[PDB]
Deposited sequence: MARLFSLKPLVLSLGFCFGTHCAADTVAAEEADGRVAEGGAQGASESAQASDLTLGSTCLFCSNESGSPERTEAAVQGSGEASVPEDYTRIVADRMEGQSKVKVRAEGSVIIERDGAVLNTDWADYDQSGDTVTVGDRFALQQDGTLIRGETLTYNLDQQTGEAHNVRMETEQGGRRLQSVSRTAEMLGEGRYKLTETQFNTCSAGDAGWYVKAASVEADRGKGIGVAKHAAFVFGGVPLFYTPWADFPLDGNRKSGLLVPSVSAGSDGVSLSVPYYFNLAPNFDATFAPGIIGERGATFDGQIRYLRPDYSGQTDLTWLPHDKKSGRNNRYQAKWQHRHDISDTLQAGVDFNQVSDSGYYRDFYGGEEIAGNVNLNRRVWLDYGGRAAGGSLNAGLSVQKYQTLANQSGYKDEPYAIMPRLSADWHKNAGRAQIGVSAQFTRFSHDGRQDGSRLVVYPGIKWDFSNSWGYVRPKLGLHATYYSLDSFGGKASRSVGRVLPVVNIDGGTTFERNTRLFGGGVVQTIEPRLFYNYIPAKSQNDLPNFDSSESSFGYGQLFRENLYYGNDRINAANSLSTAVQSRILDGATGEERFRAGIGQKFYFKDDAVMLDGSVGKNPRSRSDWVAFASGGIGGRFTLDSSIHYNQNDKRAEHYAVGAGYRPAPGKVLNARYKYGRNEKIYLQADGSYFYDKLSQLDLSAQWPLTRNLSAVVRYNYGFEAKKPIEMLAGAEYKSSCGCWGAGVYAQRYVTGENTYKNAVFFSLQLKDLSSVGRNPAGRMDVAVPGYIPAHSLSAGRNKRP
């Protein structure tokens, strides 16, 4: 039933029912308060007077007449002020004449809408008829002019919106605008082709180079899934090239439940694609790019854990600024085969390998490695011991030798090390408010016979990073060619402060120094934290009878609140290679750097982010940054400007500037240069849906 609270109603039985005096229509679930009403039983309609303040489930509508039809719910109001609500989000609209077509279809003419609340609305998209539909989430908006502030900032004769959470094909995903050498701008045009695959062409300009066409594809199937990013630009204006490009590829394939086959690819045109129009992380993992292919295996499920994979790799190394590249080797085949099983207590670990390194500036030559190790373990209740008996067996075959390099070699180096150390636990030397103090000693002793293996070339071996964990490794040169001959007794002691209620580490110490069969060095470290604030991380690498110190480092970082961070970090070291001089001998010099970071709200509504990486060896900062973010009531601003002046070459500095604009419930967050100072939590609106939100209901 639909009861009316009006005391007096002019009507005989059915033809007309006229009610006045702030009447109501029950219609369970939809209140309807108005001023007066008239009926006429000809099309079963309802007119709701002059004020018409409806309110049903969070959408207060205030119109003029609202001539409903109520047979298929065809309504027609005036001056509607629609404010729909929903869990987490909302919309506001001031239309001139709302319509209604059947169910879930509107024709809302002459609007002025925003996702913001009432008042001097910071922004709104005034327009003509907006035919929002529910069967298709495509709300056309004829003659829409995006206003901001008090002046229109845009204009179109036709526009669409994704009215729900679907994958909107054909939407031009926003824009990216920011630069120094020009005003380099790019506008992507995503256009979905099928549920599985969707290429996104993005035309662009650089303002100083030319025009780019960086687009990408991204497919998917039951088994094969991959992406294919790329870029290309015709004749350049500042450098002089004409056809530069870049390509990427993933294609993670599956054959049958055991064999993957992934193709990791990356290739640029010249030795200067990065460092020209790329970010500040071109420093690492971008001096030599990757190109791979691999397979796999695994199982046998019966006293075995086989694995394999025939990798084929050939890096692409870039020059720095004048054409000086190192160009490491290239692995054409690689027939790895690992193993692992357990004999109850003992633990057999076997291996194998094969690799042909092809090169031009240096000699080629296949090889082979068999490392059948066996490591028993014994931990009774307190302290562990674990011996081991391996047998390293290399065998080279190098051809086209230019100088002196034995045509065929072969070695066997029986590796025998005995790792094991006890453990102590104590509660009497605690420092805090109820912590538990653990002190733990341990040892190591590895025996490896000696040989003369310096006439064999250095294909892939490299000396390992000397730290605390280094004392407990059975190979200094962490590779395969050079295996040192050692007879040492690394001695260590490490202490962990563990909480009195749970077992979260609060602080960890340690120190160790490997003997010989003496000292030649010292290694200490300490890293912990009293929680969120007063975090600390340090290290050292001392050597006595020779000099003061090799490579000490220090750290810090205190968080007063969820933001307000002030992280800082030092780093020292002598004889550190810098910039790869002409011949190939790296410039050797001593480091002294101190990077400072912060993100400290300067004003109730303005935050700041700052980075600064100083270098005392030359009295010039390596990298520096400065930003500023904003917020308001309707996400009116959500504006962030970020400026960075990094270094690219030995001398070539190159600055840049960035912009970011955010509106409530229609934007996106994530477009940042790289992973900067630790947290850098954004200081503006979530902005999930990126357009038109998700809900539309009467």
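Check your understanding: So which bits of the deposited chain never got modelled?
Key -> Several stretches lack coordinates - namely 1-87, 605-620, in sequence order.
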